[PDB]
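Colleague: One structure is given below, represented as structure tokens, and several questions about it will come after.
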Amino acid sequence: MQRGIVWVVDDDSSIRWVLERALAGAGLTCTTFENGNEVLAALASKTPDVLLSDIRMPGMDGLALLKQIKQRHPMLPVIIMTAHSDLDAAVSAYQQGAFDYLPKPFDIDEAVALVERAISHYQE
């Protein structure tokens with residue numbers, strides 16, 4: 001079947017576009033929102049393939065809506081970039097989680113695709 005649906009969360013408008021642009025050549029459904037909140041506001045029902053989150057943001061902090069993302073849709077495969085101040089929202093990974101840390105560098109399809117397989121790999 002191939003194809004996938006990655007709903008990642010960036011920081012502000014014009015950021016979700018940039019990605020989806022490099023994600024168009026691949027031909028995937030890389031939906032990106034501005035805030036981790038609004039993100040689960042659209043997935044309120046349940047993520048499609050895998051959720052993701054960057055480590056950038058305005059000022060200090062680093063997306064405090066991470067623990068939110070999970071609280072909504074089940075713990076389906078996800079992926080949070082490295083980050084320097086996210087370690088807090090990440091700590092909730094080893095504790096019954098389904099996503100590790102993504103370091104650099106990584107291509108757009110290299111990332112998206114990679115997940116596409118995970119999502120349908122360990123289902124035992």
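So you can find residues: chains in the structure tokens are A, B, ... in the order shown, residues in each start at 1, and ligands are numbered from 1 in order.
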Which residues are close to residue 31 in chain A, i.e. within 8 Å by only C-alpha atoms, leaving aside same-chain residues fewer than 3 positions away? Reply as number ranges by chain.
Modeller: A: 5-8, 16, 20
Colleague: Can I get the selection written as a short mmCIF file (atom, residue, chain, number, x, y, z; two decimals), in the first residue's frame, with C-alpha atoms?
Modeller:
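Result went into again14.cif, see below:
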data_model
loop_
_atom_site.label_atom_id
_atom_site.label_comp_id
_atom_site.auth_asym_id
_atom_site.auth_seq_id
_atom_site.Cartn_x
_atom_site.Cartn_y
_atom_site.Cartn_z
CA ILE A 5 -0.06 10.17 7.29
CA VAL A 6 2.40 12.06 9.52
CA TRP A 7 0.72 14.76 11.63
CA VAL A 8 3.66 16.72 13.07
CA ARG A 16 4.02 23.39 8.46
CA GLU A 20 4.71 19.61 3.49
#
Colleague: Write out as a JSON list (two decimals) with N, CA and C atoms, in the first residue's frame the set of residues from chain A that DSSP, computed on the backbone, places in alpha helix (DSSP H).
Modeller:
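Wrote it out as result20.json, contents follow:
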[["chain", "number", "residue", "atom", "x", "y", "z"],
["A", 15, "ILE", "N", 5.56, 27.27, 8.72],
["A", 15, "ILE", "CA", 6.52, 26.19, 9.08],
["A", 15, "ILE", "C", 5.94, 24.86, 8.63],
["A", 16, "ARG", "N", 4.68, 24.65, 8.89],
["A", 16, "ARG", "CA", 4.02, 23.39, 8.46],
["A", 16, "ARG", "C", 4.04, 23.35, 6.94],
["A", 17, "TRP", "N", 3.99, 24.49, 6.31],
["A", 17, "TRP", "CA", 4.03, 24.52, 4.83],
["A", 17, "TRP", "C", 5.41, 24.06, 4.39],
["A", 18, "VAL", "N", 6.44, 24.77, 4.79],
["A", 18, "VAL", "CA", 7.83, 24.39, 4.39],
["A", 18, "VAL", "C", 7.96, 22.86, 4.34],
["A", 19, "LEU", "N", 7.69, 22.20, 5.44],
["A", 19, "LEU", "CA", 7.81, 20.71, 5.45],
["A", 19, "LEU", "C", 6.94, 20.13, 4.34],
["A", 20, "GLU", "N", 5.65, 20.17, 4.51],
["A", 20, "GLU", "CA", 4.71, 19.61, 3.49],
["A", 20, "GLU", "C", 5.26, 19.84, 2.07],
["A", 21, "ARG", "N", 6.00, 20.89, 1.87],
["A", 21, "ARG", "CA", 6.57, 21.16, 0.51],
["A", 21, "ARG", "C", 7.58, 20.06, 0.19],
["A", 22, "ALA", "N", 8.55, 19.88, 1.05],
["A", 22, "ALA", "CA", 9.55, 18.81, 0.80],
["A", 22, "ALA", "C", 8.86, 17.45, 0.94],
["A", 23, "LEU", "N", 7.67, 17.44, 1.48],
["A", 23, "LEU", "CA", 6.92, 16.16, 1.67],
["A", 23, "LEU", "C", 6.01, 15.92, 0.46],
["A", 24, "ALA", "N", 5.86, 16.90, -0.38],
["A", 24, "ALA", "CA", 5.00, 16.73, -1.58],
["A", 24, "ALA", "C", 5.74, 15.87, -2.60],
["A", 25, "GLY", "N", 6.99, 16.16, -2.84],
["A", 25, "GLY", "CA", 7.77, 15.35, -3.81],
["A", 25, "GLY", "C", 7.62, 13.87, -3.44],
["A", 26, "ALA", "N", 7.69, 13.57, -2.17],
["A", 26, "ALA", "CA", 7.54, 12.16, -1.72],
["A", 26, "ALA", "C", 6.09, 11.73, -1.96],
["A", 36, "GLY", "N", 1.21, 22.36, 19.43],
["A", 36, "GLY", "CA", 0.89, 20.94, 19.77],
["A", 36, "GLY", "C", -0.58, 20.84, 20.18],
["A", 37, "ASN", "N", -1.11, 21.86, 20.80],
["A", 37, "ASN", "CA", -2.54, 21.80, 21.20],
["A", 37, "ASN", "C", -3.40, 21.67, 19.94],
["A", 38, "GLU", "N", -3.64, 22.76, 19.26],
["A", 38, "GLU", "CA", -4.48, 22.72, 18.02],
["A", 38, "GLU", "C", -4.24, 21.41, 17.26],
["A", 39, "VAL", "N", -3.03, 20.92, 17.29],
["A", 39, "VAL", "CA", -2.72, 19.65, 16.59],
["A", 39, "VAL", "C", -3.67, 18.56, 17.07],
["A", 40, "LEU", "N", -3.66, 18.27, 18.34],
["A", 40, "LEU", "CA", -4.57, 17.22, 18.84],
["A", 40, "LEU", "C", -6.01, 17.72, 18.71],
["A", 41, "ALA", "N", -6.18, 18.99, 18.50],
["A", 41, "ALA", "CA", -7.56, 19.53, 18.33],
["A", 41, "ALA", "C", -8.09, 18.98, 17.00],
["A", 42, "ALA", "N", -7.20, 18.77, 16.06],
["A", 42, "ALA", "CA", -7.62, 18.22, 14.75],
["A", 42, "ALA", "C", -7.62, 16.69, 14.82],
["A", 43, "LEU", "N", -6.74, 16.14, 15.61],
["A", 43, "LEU", "CA", -6.67, 14.66, 15.74],
["A", 43, "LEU", "C", -7.53, 14.19, 16.91],
["A", 66, "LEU", "N", 3.23, 18.63, 24.45],
["A", 66, "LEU", "CA", 3.62, 17.23, 24.12],
["A", 66, "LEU", "C", 2.77, 16.27, 24.96],
["A", 67, "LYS", "N", 2.93, 16.29, 26.26],
["A", 67, "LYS", "CA", 2.12, 15.39, 27.11],
["A", 67, "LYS", "C", 0.66, 15.48, 26.67],
["A", 68, "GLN", "N", 0.27, 16.59, 26.09],
["A", 68, "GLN", "CA", -1.13, 16.74, 25.61],
["A", 68, "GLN", "C", -1.35, 15.74, 24.46],
["A", 69, "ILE", "N", -0.59, 15.89, 23.41],
["A", 69, "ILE", "CA", -0.71, 14.99, 22.23],
["A", 69, "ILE", "C", -1.10, 13.57, 22.67],
["A", 70, "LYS", "N", -0.31, 12.96, 23.51],
["A", 70, "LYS", "CA", -0.63, 11.58, 23.97],
["A", 70, "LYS", "C", -1.99, 11.56, 24.67],
["A", 71, "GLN", "N", -2.11, 12.30, 25.74],
["A", 71, "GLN", "CA", -3.39, 12.33, 26.51],
["A", 71, "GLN", "C", -4.61, 12.17, 25.59],
["A", 72, "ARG", "N", -4.54, 12.68, 24.39],
["A", 72, "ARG", "CA", -5.72, 12.56, 23.47],
["A", 72, "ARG", "C", -5.71, 11.20, 22.76],
["A", 87, "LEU", "N", 13.30, 17.61, 27.16],
["A", 87, "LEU", "CA", 13.56, 16.42, 28.04],
["A", 87, "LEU", "C", 12.41, 16.22, 29.03],
["A", 88, "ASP", "N", 11.74, 17.26, 29.42],
["A", 88, "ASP", "CA", 10.62, 17.11, 30.39],
["A", 88, "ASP", "C", 9.44, 16.41, 29.71],
["A", 89, "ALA", "N", 8.93, 16.96, 28.64],
["A", 89, "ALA", "CA", 7.78, 16.32, 27.94],
["A", 89, "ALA", "C", 8.21, 14.97, 27.35],
["A", 90, "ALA", "N", 9.49, 14.74, 27.25],
["A", 90, "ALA", "CA", 9.97, 13.44, 26.69],
["A", 90, "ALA", "C", 9.96, 12.38, 27.79],
["A", 108, "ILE", "N", 13.53, 14.30, 4.78],
["A", 108, "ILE", "CA", 12.06, 14.36, 5.01],
["A", 108, "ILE", "C", 11.47, 12.97, 4.81],
["A", 109, "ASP", "N", 11.68, 12.37, 3.68],
["A", 109, "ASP", "CA", 11.13, 11.02, 3.46],
["A", 109, "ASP", "C", 11.88, 10.06, 4.36],
["A", 110, "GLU", "N", 13.16, 10.26, 4.48],
["A", 110, "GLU", "CA", 13.94, 9.38, 5.38],
["A", 110, "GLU", "C", 13.20, 9.30, 6.71],
["A", 111, "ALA", "N", 12.78, 10.42, 7.23],
["A", 111, "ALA", "CA", 12.03, 10.42, 8.50],
["A", 111, "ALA", "C", 10.63, 9.86, 8.24],
["A", 112, "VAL", "N", 9.78, 10.63, 7.61],
["A", 112, "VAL", "CA", 8.39, 10.17, 7.32],
["A", 112, "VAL", "C", 8.41, 8.67, 6.98],
["A", 113, "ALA", "N", 8.88, 8.34, 5.81],
["A", 113, "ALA", "CA", 8.95, 6.91, 5.38],
["A", 113, "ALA", "C", 9.33, 6.02, 6.57],
["A", 114, "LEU", "N", 10.52, 6.20, 7.09],
["A", 114, "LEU", "CA", 10.99, 5.37, 8.24],
["A", 114, "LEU", "C", 9.81, 5.05, 9.15],
["A", 115, "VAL", "N", 9.14, 6.07, 9.60],
["A", 115, "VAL", "CA", 7.97, 5.87, 10.49],
["A", 115, "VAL", "C", 6.96, 4.97, 9.76],
["A", 116, "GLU", "N", 6.52, 5.38, 8.60],
["A", 116, "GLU", "CA", 5.53, 4.58, 7.82],
["A", 116, "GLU", "C", 5.74, 3.08, 8.06],
["A", 117, "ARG", "N", 6.97, 2.66, 8.11],
["A", 117, "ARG", "CA", 7.24, 1.21, 8.35],
["A", 117, "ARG", "C", 7.00, 0.89, 9.82],
["A", 118, "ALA", "N", 7.60, 1.62, 10.71],
["A", 118, "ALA", "CA", 7.39, 1.35, 12.16],
["A", 118, "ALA", "C", 5.89, 1.19, 12.42],
["A", 119, "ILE", "N", 5.12, 2.22, 12.15],
["A", 119, "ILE", "CA", 3.66, 2.16, 12.39],
["A", 119, "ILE", "C", 3.13, 0.75, 12.09]]
Colleague: Of the candidates A:98, A:28, A:93, A:50, which one gets nearest to residue 122 in chain A if we count only C-alpha atoms?
Modeller: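 Among A:98, A:28, A:93, A:50, it is A:98 that comes nearest to residue 122 in chain A.
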Colleague: Leaving out residue 34 in chain A and any residue of its chain fewer than 6 positions from it, which residues lie within 6 Å of it when counting only C-alpha atoms, given as a PyMOL selection string?
Modeller: chain A and resi 9-13
Colleague: Those selected residues, please, written with N, CA, C and O atoms and delivered as a CSV table (one decimal), in the first residue's frame.
Modeller:
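After the write, again31.csv holds the following:
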chain,number,residue,atom,x,y,z
A,9,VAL,N,3.9,18.6,14.6
A,9,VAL,CA,3.6,19.9,15.1
A,9,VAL,C,4.8,20.8,15.0
A,9,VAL,O,5.9,20.4,15.5
A,10,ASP,N,4.7,22.0,14.4
A,10,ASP,CA,5.9,22.8,14.3
A,10,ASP,C,5.9,24.0,15.3
A,10,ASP,O,5.8,23.7,16.5
A,11,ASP,N,5.9,25.2,14.9
A,11,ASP,CA,5.9,26.3,15.9
A,11,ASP,C,4.9,27.4,15.4
A,11,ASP,O,3.9,27.7,16.1
A,12,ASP,N,5.1,28.0,14.3
A,12,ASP,CA,4.2,29.0,13.8
A,12,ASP,C,3.8,28.8,12.3
A,12,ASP,O,4.3,27.8,11.7
A,13,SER,N,2.9,29.5,11.8
A,13,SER,CA,2.4,29.3,10.4
A,13,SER,C,3.7,29.5,9.4
A,13,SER,O,4.7,30.0,9.8
Colleague: Have a look at CA of residue 97 in chain A and CA of residue 55 in chain A and let me know their distance in Å, one decimal.
Modeller: 18.5 Å
Colleague: Write out as a short mmCIF file (atom, residue, chain, number, x, y, z; two decimals) with C-alpha atoms, in the first residue's frame the set of residues from chain A that DSSP, computed on the backbone, places in strand (DSSP E).
Modeller:
data_model
loop_
_atom_site.label_atom_id
_atom_site.label_comp_id
_atom_site.auth_asym_id
_atom_site.auth_seq_id
_atom_site.Cartn_x
_atom_site.Cartn_y
_atom_site.Cartn_z
CA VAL A 6 2.40 12.06 9.52
CA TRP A 7 0.72 14.76 11.63
CA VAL A 8 3.66 16.72 13.07
CA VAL A 9 3.56 19.94 15.14
CA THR A 32 1.66 19.92 10.23
CA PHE A 33 0.04 22.32 12.71
CA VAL A 50 2.25 8.85 13.37
CA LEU A 51 2.53 12.16 15.26
CA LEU A 52 5.75 14.18 15.49
CA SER A 53 7.08 17.39 17.06
CA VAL A 78 5.29 9.19 17.43
CA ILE A 79 8.68 10.92 17.21
CA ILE A 80 10.03 14.01 19.01
CA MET A 81 13.23 15.64 17.70
CA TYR A 101 14.29 10.65 20.26
CA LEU A 102 15.14 11.73 16.69
#
Colleague: So how far away is CA of residue 29 in chain A from CA of residue 63 in chain A, in Å?
Modeller: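 Distance between the two atoms: 22.2 Å.
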